[PDB]
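One structure below.
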RNA sequence: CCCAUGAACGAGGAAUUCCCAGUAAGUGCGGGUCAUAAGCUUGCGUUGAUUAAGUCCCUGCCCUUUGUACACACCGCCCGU
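Residue numbers (my numbering), protein chains in the order written: chain A, 341 to 439; chain B, 157 to 291; chain C, 20 to 81; chain D, -2 to 135; chain E, 5 to 193.
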């Protein structure tokens, strides 16, 4: 049966979308179908921020940030628990988690 | 010999931390980067296949690097942290954080921190197949 | 290595394959208290005193 | 009438007939630290070092002490003396002095008035005892 | 003759503090003139530590199958030949209690690691209650499993442990094992 | 009941069973069977703990969502010389 109305991708009004490689397995997944995460974290973790700040030559250096873009195939996105399977009705909900 | 000027002023080197997922490098060079002071990796501190990239081995390498640099007259470090880069993973390995902390806790001063993983404008094909690695 | 007194506000719980480690949240009494979370084991009295004999060991979760 | 509960604990009992009489210092009728099992012989010497010799010139406590078990027969003499002082002081002068010596004795140790409720529990099915089970084969 | 109890004094016995009752706390109903009380310390957690480390040391020495719980032996250890030496010392009697552990006391241990590997151990430390629980559980267990057939046997098993039990030194030997492994665990930072 | 001629006389192949306090274990005593008939069981006392106040890793159970070509219900169905 037709599980998803959008076929589990975002291809509307075009024939071909360029593929990308999953960051985990290096699988070829279309860019609309791939599950994209954008992690903007700190280069130095919280347990290491304090020690780096004390050792800093500059007062209030404001630490740099790490910007990483992750593309997951469906298998690796499900295994890594980035997304889970939802009920037939909860599947239609497109609201992102509040975080 | 050594820089014997301004005992109240810092001496700055550059630490090139290559935190791969297989092992980690702690590589302190001259400010230009051409001449290297000391390079210690996780694989010369622990002897087994997996733990080459462990945080413990990374902090041991960072401690050894800090000791050698202090004996060589370097007091402060700029941090140039990198991942494998290329078409492969862009995130730094488990040894990056522990190496940086072991530098900041072993008597060293930290200057500018920046990320230098090689990012392609677009790359060649990855080592996997079109179906990826299936293990 | 100075031992700092820490009061427990919340016990995070047990960690391990079968359950062998503990995690709690602790804060200072009158020493510009910060809500710092560290690993504990077993008995924690009502307002017990964790020994922050080191301020840089925030036991990491996950 | 007659109010007499004497001392008891676990299994053993020191029947303490409280009245006027000689009231010499004796445990099982025997001297201060002289009991044959020789294990818990100090428990009575403590209080009589505070008040004085005049106070025990008229308190005859005739005790029928029967029962095997140290933690029973001992720790029942302390209960018995606590109740003896309590009754004597309550009846004679006022309960304020009884309040005071009972305060020191009972806040001194909780375990007079409270006995151990623990007792051997029932054996059950398919096992050598209460909780243990017979070995299960496959 | 205004001294309190039979061994303490109040006129000129000054400890210049009150904050020195981590393991020993006898100020309430839990006082019995001798540590002979029988009783239970397994009815609920934390109760083994609430047994004061003096009573814990002398009474948690009940292991193996020959002297397992029998309280006449703790009575012998603490009753005979200690109250006499308390005054036969001639010096200040605090030395025995205050010459044991304040530098011995283990201040860290660790916990198992991951799914594959045992070559390290994630660092954990506790408030005194569980550190005393774990460390001296393993101490008593090791001392009994290895020190079976002991030349240091009872009727003289008061001195060494009552001098290396409570507080005030770094001289205990299973404690040195746990302190070296404590440093090994401490290396996890 | 006992005469001392020594029992690998002081922690145990892969494989495993039971157990959270008056509990495990030691220890004996009754009942059933029966003629006193017990190394069985069923109870009872007595001495009396070490560990733990946790977890879902193993073995399984339950409450939800999900997939199924199974419904004899995965010890299922089924593919190719």
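Virtual Cβ for every residue (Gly too), placed ideally from N, Cα, C.
Interface flag, residue i vs chain B, CB-CB below 9 Å
| i | result |
| --- | --- |
| residue 409/A | yes |
| residue 163/E | no |
| residue 192/E | yes |
| residue 385/A | yes |
| residue 420/A | no |
| residue 102/E | no |
Alpha-carbon to alpha-carbon, residue j and residue i
| i | j | result |
| --- | --- | --- |
| residue 198/B | residue 58/E | 47 Å |
| residue 187/B | residue 267/B | 12 Å |
| residue 371/A | residue 415/A | 15 Å |
| residue 54/D | residue 35/E | 29 Å |
| residue 74/E | residue 40/E | 11 Å |
| residue 425/A | residue 432/A | 12 Å |
| residue 96/D | residue 59/D | 24 Å |
| residue 202/B | residue 160/B | 35 Å |
| residue 74/C | residue 386/A | 13 Å |
| residue 52/D | residue 31/E | 28 Å |
| residue 250/B | residue 180/B | 8 Å |
| residue 21/E | residue 83/D | 38 Å |
| residue 43/E | residue 111/D | 12 Å |
| residue 171/E | residue 216/B | 35 Å |
| residue 144/E | residue 57/C | 28 Å |
| residue 176/E | residue 184/E | 12 Å |
| residue 207/B | residue 200/B | 11 Å |
| residue 428/A | residue 35/C | 35 Å |
| residue 180/E | residue 12/E | 33 Å |
| residue 352/A | residue 406/A | 33 Å |
| residue 105/D | residue 78/C | 44 Å |
Assumed close pair residue i, residue j - CB separation to whole angstroms, cut-off 8 Å
| i | j | result |
| --- | --- | --- |
| residue 53/E | residue 136/E | 5 Å |
| residue 13/D | residue 20/D | Wrong, their Cβ atoms sit about 11 Å apart, outside the cutoff. |
| residue 401/A | residue 362/A | Residue 401/A to residue 362/A, Cβ: 36 Å. No contact. |
| residue 108/E | residue 173/E | 6 Å |
| residue 269/B | residue 225/B | Going by Cβ atoms, the distance from residue 269/B to residue 225/B rounds to 17 Å, so no, they are not a contact pair. |
| residue 423/A | residue 375/A | 6 Å |
| residue 9/D | residue 64/D | 2 Å |
| residue 286/B | residue 368/A | 4 Å |
9 Å Cβ cutoff, residue i in contact with chain E
| i | result |
| --- | --- |
| residue 255/B | no |
| residue 39/D | yes |
| residue 8/D | no |
| residue 100/D | no |
| residue 88/C | Examination of residue 88/C is not possible in this model, given that chain C is present from 20 through 81 alone. |
| residue 21/C | no |
Closer than 9 Å to chain C by CB, residue i
| i | result |
| --- | --- |
| residue 132/E | yes |
| residue 129/E | yes |
| residue 381/A | no |
| residue 112/E | yes |
Neighbourhood of residue i by C-beta distance below 8 Å, restricted to the same chain and skipping five residues each side
| i | result |
| --- | --- |
| residue 392/A | 384 and 403 |
| residue 68/C | 24, 25 and 26 |
Sequence-distant residues of the same chain with beta carbon closer than 6 Å to residue i, five excluded per side
| i | result |
| --- | --- |
| residue 183/B | 172 and 195 |
| residue 122/D | none |
| residue 132/E | 26 |
| residue 214/B | 180, 198, 251, 254 and 255 |
is_contact[residue i, chain A] using C-beta, thresh 9 Å
| i | result |
| --- | --- |
| residue 75/C | yes |
| residue 79/C | yes |
| residue 302/B | Since the first residue shown for chain B is 157 and the last is 291, residue 302/B is missing from the structure and cannot be characterised. |
Nonlocal neighbours in the same chain, by C-beta distance under 7 Å from residue i, ignoring five residues either side
| i | result |
| --- | --- |
| residue 85/E | 162 |
| residue 189/E | 112, 113, 114, 125 and 127 |
| residue 37/D | 67 and 71 |
CB contact below 9 Å: residue i versus chain D
| i | result |
| --- | --- |
| residue 33/E | yes |
| residue 40/E | yes |
| residue 43/E | yes |
- Query: Which runs of the alpha helix (DSSP H) fall wholly inside the segment 54 to 108 of chain E and span at least 4 residues, in chain order?
  - Reply: 57 to 63, 75 to 83, 89 to 92 and 98 to 101
- Message: As an exercise, report each continuous beta strand (DSSP E) stretch of at least 3 residues that is fully enclosed by the segment 369 to 396 of chain A, in chain order.
- Response: 375 to 382
- If you scan the segment 206 to 291 of chain B from start to end, which runs of the alpha helix (DSSP H) of 4 or more residues do you find wholly inside it? 211 to 228 and 251 to 261
- Within the segment 59 to 133 of chain D, note down every full alpha helix (DSSP H) run reaching 4 residues or more, in order along the chain. The segment 59 to 133 of chain D contains these whole alpha helix (DSSP H) runs: 67 to 70, 74 to 89 and 92 to 105.
- Message: Please give the ranges of any alpha helix (DSSP H) in the segment 153 to 189 of chain E, keeping only runs that are unbroken, at least 4 residues long and fully inside the region.
- Response: 163 to 167
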